[PDB]
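A.B. asks: based on what follows, work out the 3D shape:
(chains A and B)
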Amino acid sequence: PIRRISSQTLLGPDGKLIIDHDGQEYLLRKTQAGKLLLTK
Amino acid sequence: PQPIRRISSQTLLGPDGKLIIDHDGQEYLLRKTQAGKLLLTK
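C.D. replies: Residues are numbered from 1 along each chain as shown, chains lettered A, B, ... in the order given. Now the structure:
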């Protein structure tokens, strides 16, 4: 199956991970409402 | 060790282009679509 990783491992205390993909940055973040959200 | 902060999609998603992210017990999927786009779904 597809591997699993905890959002804690990806986000840290600042709640954000920058993902470099195909020459630009995407932001993965946890929101105040408790959701994960990816933006471009 | 420090938080990741910044990472390539190639390293994060691997050759299958998929990762399940467990966020407080709710699984999201991060993937590279067949068109090569990055997408987060639940």
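A.B. asks: what separation do you get for residue A:12 and residue B:41?
C.D. replies: 23 Å (CB to CB, to the nearest Å). Quick note: C-beta positions are derived from backbone N, CA and C, even for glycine.
A.B. asks: with neighbour numbers in mind, choose between these two.
C.D. replies: residue A:12 (14 against 8; other CB atoms under 10 Å in any protein chain shown).
A.B. asks: ok and the residue in chain A nearest chain B?
C.D. replies: residue A:12 (2.7 Å; CB to the nearest CB).
A.B. asks: mind listing what that residue touches?
C.D. replies: B:2-5 (CB atoms under 8 Å, 6 or more residues apart in numbering or on different chains).
A.B. asks: can I get these in TSV with secondary structure?
C.D. replies: What follows is the contacts of residue A:12, written out as TSV (DSSP: H, G, I helix; E, B strand; the rest coil):
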residue	secondary structure
B:2	coil
B:3	coil
B:4	coil
B:5	coil
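A.B. asks: need the residues of chain A near chain B, please.
C.D. replies: A:2-7, A:9-14, A:16-22, A:26, A:28, A:30, A:34-38, A:40 (CB under 8 Å from any CB of the partner chain).
A.B. asks: recalculate using a threshold of 7 Å.
C.D. replies: Contact residues (CB under 7 Å from any CB of the partner chain) of chain A with chain B: A:2-7, A:10, A:12-13, A:17-22, A:26, A:28, A:36, A:38.
A.B. asks: list the residues that contact the spatially most central residue of chain A.
C.D. replies: The centroid of chain A falls nearest to residue A:28 when counting by CA atoms, centre = their mean (2.9 Å). By CB atoms under 7 Å, 6 or more residues apart in numbering or on different chains, residue A:28 lies in contact with A:10, A:17, A:19, A:36, A:38, B:40.
A.B. asks: who's in contact with the closest residue in space to the third one that isn't next to it in sequence?
C.D. replies: The one in question is residue A:19. Of all residues not flanking residue A:19 in the chain, residue A:26 sits nearest, at 4.6 Å (CB to CB, 6 or more residues apart in numbering or on different chains). By CB under 7 Å, 6+ apart, the residues touching residue A:26 are A:19, A:38-40, B:38.
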